[PDB]
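A quick write-up on the structure given underneath.
Just the heavy atoms: all of them, side chains too, but no hydrogens, waters or symmetry mates, feed the values below. Lettering of chains follows the sequences in order, A, B, ..., and the numbering in each one begins at 1.
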Amino acid sequence: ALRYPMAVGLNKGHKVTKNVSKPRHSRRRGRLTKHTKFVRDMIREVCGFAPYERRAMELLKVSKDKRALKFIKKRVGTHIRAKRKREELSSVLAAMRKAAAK
Amino acid sequence: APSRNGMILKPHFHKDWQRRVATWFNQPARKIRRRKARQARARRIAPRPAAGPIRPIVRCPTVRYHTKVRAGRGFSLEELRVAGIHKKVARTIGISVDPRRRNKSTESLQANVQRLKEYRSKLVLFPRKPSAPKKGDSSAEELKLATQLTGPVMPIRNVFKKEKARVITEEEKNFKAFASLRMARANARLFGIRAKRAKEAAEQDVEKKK
Amino acid sequence: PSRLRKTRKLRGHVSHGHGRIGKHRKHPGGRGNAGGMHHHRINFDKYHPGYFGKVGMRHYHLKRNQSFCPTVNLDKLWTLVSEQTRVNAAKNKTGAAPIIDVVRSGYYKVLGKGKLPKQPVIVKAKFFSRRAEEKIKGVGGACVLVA
Amino acid sequence: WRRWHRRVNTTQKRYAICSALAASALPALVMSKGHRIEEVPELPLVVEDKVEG
Amino acid sequence: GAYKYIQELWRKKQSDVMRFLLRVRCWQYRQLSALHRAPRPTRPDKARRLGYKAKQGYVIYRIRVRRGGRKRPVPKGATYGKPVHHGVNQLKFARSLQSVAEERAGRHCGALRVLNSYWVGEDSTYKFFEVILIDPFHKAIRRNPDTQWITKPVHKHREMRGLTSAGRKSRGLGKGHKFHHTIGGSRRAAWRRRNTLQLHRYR
RNA sequence: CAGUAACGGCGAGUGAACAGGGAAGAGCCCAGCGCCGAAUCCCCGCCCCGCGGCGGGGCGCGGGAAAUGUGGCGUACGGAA
RNA sequence: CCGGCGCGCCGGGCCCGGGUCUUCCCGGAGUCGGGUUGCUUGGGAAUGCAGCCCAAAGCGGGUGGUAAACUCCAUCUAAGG
RNA sequence: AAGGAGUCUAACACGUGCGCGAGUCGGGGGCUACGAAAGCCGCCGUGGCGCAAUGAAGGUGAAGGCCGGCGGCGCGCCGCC
RNA sequence: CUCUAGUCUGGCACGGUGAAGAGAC
Ligand SMILES: [Mg+2]
Ligand SMILES: [Mg+2]
Ligand SMILES: [Mg+2]
Ligand SMILES: [Mg+2]
Ligand SMILES: [Mg+2]
Ligand SMILES: [Mg+2]
Ligand SMILES: [Mg+2]
Ligand SMILES: [Mg+2]
Ligand SMILES: [Mg+2]
Ligand SMILES: [Mg+2]
Ligand SMILES: [Mg+2]
Ligand SMILES: [Mg+2]
Ligand SMILES: [Mg+2]
Ligand SMILES: [Mg+2]
Ligand SMILES: [Mg+2]
Ligand SMILES: [Mg+2]
Ligand SMILES: [Mg+2]
Ligand SMILES: [Mg+2]
Ligand SMILES: [Mg+2]
Ligand SMILES: [Mg+2]
Ligand SMILES: [Mg+2]
Ligand SMILES: [Mg+2]
Ligand SMILES: [Mg+2]
Ligand SMILES: [Mg+2]
Ligand SMILES: [Mg+2]
């Protein structure tokens, strides 16, 4: 078959050789280090928990996950941040169980 | 009141436009001032080129201009690293550098590397001490023939590859260009819904086995 | 040249070309496009049909550069290359066909309107229309797509 | 901000230069400008290059 | 380093320790005057991040401003005009309370220069900010080439010309499609160029 | 670009930005994170010089600032050992 | 008369780099963001600014000009100068 | 007696004169007393307008006829070289 | 007709320390 480069379609565009470079160092940001993770959870046992997430853990303990998601969404804003907060706020709930189980 | 036939015009003269009127009676005065400043700068950098540092080979985005080529702001760090030029020394010998640029392609990268090599071959470098020559610099016979360049350094010119009149083959006579354009447009438009319908067809028919 | 204007011939005439009964008052019908619905409706409908109302979809961040597609018809296809490109293929005997790159001349889509001279072509274009490719195939030729 | 300046097409400026130059090699047209050229030997009056010195 | 711990410590303002400290400090600053000198920065890591260096000539002033919107200063009702401009109660000031606090510090201390400011507490009726001030005529600032830019007469009353961070946030400047209306020097600079008719010689 | 996309009793009217061609073109520094004996800064007394934009070196078991953090390396283009 | 452009000398500083591996380290919080209110913008289910309330995260966050969920991409690194 | 009232700028329409002509235009920039003028640039024609329209939009985008051979329909038609 | 000072009323925040009791799912 005779194929040609096209400006439309599923594989449109001029054809070049994509070289591979090192990833840009501005893109690194947001990654945890072993030291800042230690600092943040160190501040976590020193401080404790906020009053709204203390209520949300009580909501997640009785397995009302949808109401816990809606409460966290109304309290902090967006659905993505609500899901990310609920996942860590249930992982700490599971961590408190395996510490007191044995 | 409108006349018989004409345009509906909307003149934007409802504010106090007469206060902010910019007249151009100092245009031939600013042209002389810019020319005198340009010549004073050209005399200040006496063997250095009057345009400044060399600008790289750069493609234009935004499909109206993607066939043209242009002078960019600076050579990228990948280009300088392949060419073997340190980024804090390149600005001292008239190489324009910006660190924001990326290199998605290979052909433009190697074109700018060749651009750096050909400028490095043309660079006539004076010793830092005029009374005593150094290692990586030009000899005394080139410094006395060293002049000042006028215009941009290595000017950027759009080249087109000339092609022979070729004998048309039978498979080039069978290529349907408009049919290929229409079917490629349809296959780009209908790609997601075809995959979702195939997923539903594979999901409804796997319920039969279980 | 104010000496050629109508004002110099209107000195001595009292109303200055503007009428004794209906004077040259300031704005006797409103300012600008006033009363397009009400008292200039007959002019606005007899000369500007369609001026009031909403038609079609909105597009918020429209940039004109995305839909840039300049067109050339096939009656201008042979003007993009030189004359000695055209006459050498006419005097040519091996059947080699010259290549016309319309993207180099600054055109994206080739439409087919006029005639083509009876000689083979290889037209490289970003887009083609159907009658444009059939008029090239009928004279005997290639329609090469480029991106 | 009155329009003081006018722009003229380059081809018309050159055309007027050609028309003014071609009229300077004619007898009656330079006489009718009033120039006293009754004893001038040739109307395209061309001299040698040491005049610049 | 301890500064990273204090920084992550101040991000947990809903914790018991920080709600105790913020409440007792807000009570303490509520008993003082509306503007007074702090002997040292209350929040040292954040003062350090904003540009405070603990050396001679760097001054910290603590200041409180009243909260709420901006009532229009007009007699009883009676803001005379069309119904668009009858609004008096629910109007809002275009500049932040931190920017008000910076200029209230900088006007009372006119011999110094405002560098930055930070929040240290609030309640229903007051917000408390601490302002970093630099003496431009102390020799520790004059002879340090890193911080001798502030001594220049260009930087007189940055907090009044909106060149600090807090007053800078209210001008709507920045790079992008969201800040088209301040292309140029500022919002008024964009307006001048867009509403200036360019009348050329040859048109 | 453009009186355009858009806003507007979608009426009167208002109304940018990107790409492109030029004028000019120059880039950088902290905090943090770390390592160096605070390795840093200011003032007063004396000696000589400069001295009309108050500076330079030498002394002072002289005084302070600063460990609730000054200076050197180092900043997102990565950096340090 | 003033200043620039230079040379020699004295008294000082500064005691310096590049490349390939290996081991480490890396970020600005009542701030982002969400709701609501008012002004503003061409910005239209909210362009920008501000008051009040809520209030973060770290394969994170912002942007991707129609609100929302899922999934990929692309592009920067805000709240210091 | 003196002064005293359809002006100037922008936009549009139509007519008229000039130049070039499917092109045309340097207005912005640059080069080189009157002269702040004039001249020049063409890989400075970017860009504007014209050379293509239509649809809300995805999009599409400006004569055909005869003959021979082949295939199908039941002498004509369709498709195919 | 369309708004507005002031005023009445509800919610959130400043805004805590305990005792009882009545509650809905
Ligand atoms: Mg009339
Ligand atoms: Mg009459
Ligand atoms: Mg009259
Ligand atoms: Mg009349
Ligand atoms: Mg009338
Ligand atoms: Mg009448
Ligand atoms: Mg009138
Ligand atoms: Mg009526
Ligand atoms: Mg109004
Ligand atoms: Mg136009
Ligand atoms: Mg209406
Ligand atoms: Mg407006
Ligand atoms: Mg641009
Ligand atoms: Mg340039
Ligand atoms: Mg340090
Ligand atoms: Mg940066
Ligand atoms: Mg903000
Ligand atoms: Mg207002
Ligand atoms: Mg408005
Ligand atoms: Mg997306
Ligand atoms: Mg969308
Ligand atoms: Mg910054
Ligand atoms: Mg910045
Ligand atoms: Mg008179
Ligand atoms: Mg005409």
Side-chain angles (χ1 to χ4, degrees), chain A residues 25-26 28-33 35 75-79 81 84-85, chain B residues 5-7 9-14 25 28-29 34 52 60-62 64-65 77 86-87 99 157-158 189, chain C residues 7 10 16 24 32-34 36-37 52-65 71 111 113 129 131, chain D residues 1-3 7 9 11-12 15, chain E residues 1 3-4 7 10-11 13 40-41 44 48-51 53-56 67-70 76-78 83 86-88 90-96 116 119 122-125 138-140 144 146 165 170 172 176-181 194 199-200 202-203:
Chain A
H25 202 251
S26 64
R28 186 268 186 189
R29 205 196 180 166
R31 178 66 65 192
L32 286 172
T33 71
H35 186 106
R75 204 59 82 102
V76 307
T78 72
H79 191 255
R81 296 182 176 194
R84 174 173 305 276
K85 200 76 172 187
Chain B
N5 202 354
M7 299 208 196
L9 297 174
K10 305 263 180 81
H12 285 62
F13 285 150
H14 292 201
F25 297 127
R34 286 172 161 170
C60 300
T62 312
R64 172 185 209 151
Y65 301 108
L77 308 183
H86 197 262
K87 65 176 179 181
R157 187 179 296 276
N158 267 275
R189 197 189 53 235
Chain C
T7 301
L10 275 171
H16 205 286
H24 185 198
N33 302 326
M37 299 291 204
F52 298 113
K54 282 194 217 204
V55 169
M57 294 182 286
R58 294 173 296 172
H59 196 246
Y60 294 146
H61 185 44
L62 176 68
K63 56 193 84 70
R64 296 285 187 182
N65 297 295
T71 63
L111 312 175
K113 170 178 177 182
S129 76
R131 302 158 179 80
Chain D
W1 52 80
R2 187 201 310 243
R3 292 186 67 243
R7 53 182 304 258
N9 287 359
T11 303
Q12 293 179 356
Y15 184 77
Chain E
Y3 290 135
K4 189 66 177 174
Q7 170 180 219
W10 264 85
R11 299 185 168 181
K13 292 181 176 64
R40 69 195 53 247
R48 181 170 306 279
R49 283 189 297 264
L50 293 184
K53 303 309 279 276
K55 64 213 302 174
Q56 278 158 322
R67 306 183 53 171
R70 185 181 172 279
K76 278 74 69 177
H86 284 134
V88 64
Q90 288 182 354
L91 312 181
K92 275 89 197 190
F93 192 34
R95 287 214 330 266
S96 67
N116 259 329
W119 178 98
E122 76 201 30
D123 58 308
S124 173
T125 187
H138 204 267
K139 299 298 202 194
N144 177 27
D146 291 331
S165 191
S170 85
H177 73 276
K178 293 169 173 290
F179 309 101
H180 280 166
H181 62 87
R194 291 160 181 179
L199 275 175
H200 299 247
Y202 300 97
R203 303 298 147 89

From [atom1] of [X] over to [atom2] of [N], roughly how many Å is that when rounded to an integer?
{"X": "E/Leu50", "N": "G/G28", "atom1": "CG", "atom2": "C1'", "value": "8 Å"}
{"X": "D/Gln12", "N": "H/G27", "atom1": "CD", "atom2": "P", "value": "13 Å"}
{"X": "E/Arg48", "N": "F/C29", "atom1": "CZ", "atom2": "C1'", "value": "16 Å"}
{"X": "E/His86", "N": "I/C1", "atom1": "NE2", "atom2": "P", "value": "17 Å"}
{"X": "B/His12", "N": "F/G13", "atom1": "NE2", "atom2": "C1'", "value": "8 Å"}

If you compare every side-chain N and O of [X] against the phosphate oxygens of [N] (OP1, OP2), does one of them come in below 4.0 Å?
{"X": "E/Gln56", "N": "F/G64", "value": "no"}
{"X": "E/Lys13", "N": "G/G30", "value": "yes"}
{"X": "E/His181", "N": "G/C49", "value": "no"}
{"X": "C/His24", "N": "H/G6", "value": "no"}
{"X": "E/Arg49", "N": "G/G80", "value": "no"}
{"X": "C/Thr7", "N": "H/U7", "value": "yes"}
{"X": "E/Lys139", "N": "F/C54", "value": "no"}
{"X": "E/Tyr3", "N": "F/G69", "value": "yes"}

- Task: State whether the aromatic ring of A/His25 stacks on the base of F/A76, taking stacking to mean ring centres under 5.5 Å apart and ring planes under 30° to each other.
- Result: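 A/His25 ring does not meet the centre or angle cut-off for F/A76; no stack.
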- Mapping E/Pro83 and E/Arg67 to their closest nucleotides on RNA chain I, which lands nearer the 5' end?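 Between the two, 5'-proximity favours E/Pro83.
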Regarding [X], tell me which of base, sugar-phosphate or nothing describes its non-hydrogen contacts under 4.0 Å with the strands shown.
{"X": "B/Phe25", "answer": "base"}
{"X": "E/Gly87", "answer": "nothing"}
{"X": "E/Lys76", "answer": "sugar-phosphate"}
{"X": "E/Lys4", "answer": "sugar-phosphate"}
{"X": "A/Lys85", "answer": "sugar-phosphate"}
{"X": "B/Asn158", "answer": "base"}
{"X": "E/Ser96", "answer": "sugar-phosphate"}
{"X": "B/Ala29", "answer": "nothing"}
{"X": "C/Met57", "answer": "base"}

- Query: Less than 3.5 Å between a donor and an acceptor, one on the side chain of B/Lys10 and one on the base of F/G13, is that the case here?
  - Reply: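 By the distance-only test, yes, there is a pair.
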- Message: With hydrogens left out and only the distance checked, is there a donor-acceptor pair under 3.5 Å joining E/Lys55's side chain and the base of F/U40?
- Response: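 Answer no: no donor N or O sits under 3.5 Å from an acceptor.
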- Task: Go along nucleotides 60-67 of chain G 5' to 3' and tag each nucleotide: B for a protein heavy atom under 4.0 Å from its base, S when only backbone or sugar atoms are that close, - otherwise.
- Result: BSSSSBB-
- Message: Does the structure show a Watson-Crick or G-U wobble partner for G/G60, both distances under 3.5 Å? Name it, or say none.
- Response: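 Its partner is G/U77 (Watson-Crick or G-U wobble, both distances under 3.5 Å).
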- Query: Considering Watson-Crick and G-U wobble pairs with both distances under 3.5 Å, what does H/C20 pair with?
  - Reply: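 Base partner found: none.
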Which one, [options], comes nearest to the side chain of [X]?
{"X": "E/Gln7", "options": "H/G47, G/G28, F/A12", "answer": "G/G28"}
{"X": "D/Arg3", "options": "F/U70, F/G20, H/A10", "answer": "H/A10"}
{"X": "C/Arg131", "options": "F/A17, H/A62, F/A31", "answer": "H/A62"}
{"X": "B/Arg157", "options": "H/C43, G/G38, F/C77", "answer": "H/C43"}
{"X": "D/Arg2", "options": "H/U9, G/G30, F/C77", "answer": "H/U9"}
{"X": "B/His86", "options": "F/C77, G/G18, H/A62", "answer": "G/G18"}

- Taking the same atom, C1', in F/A26 and in G/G33, what whole-Å distance lies between them?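 After rounding to an integer number of Å, I get 37 Å for this pair.
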- Message: If I pick the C1' atom on H/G69 and the same atom on H/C80, what distance separates them, to the nearest angstrom?
- Response: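 The answer is 10 Å between these two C1' atoms.
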- Query: Does G/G58 fall in syn (glycosidic angle within 90° of 0) or anti?
  - Reply: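 It is syn.
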- Item | Stems involving RNA chain I, each a run of at least 3 consecutive Watson-Crick or G-U pairs under 3.5 Å |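 Expected stems, ordered by start: none at all.
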- Query: Between H/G39 and H/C31, is a Watson-Crick or G-U wobble pair present, with both distances under 3.5 Å?
  - Reply: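 Here the two bases pair.
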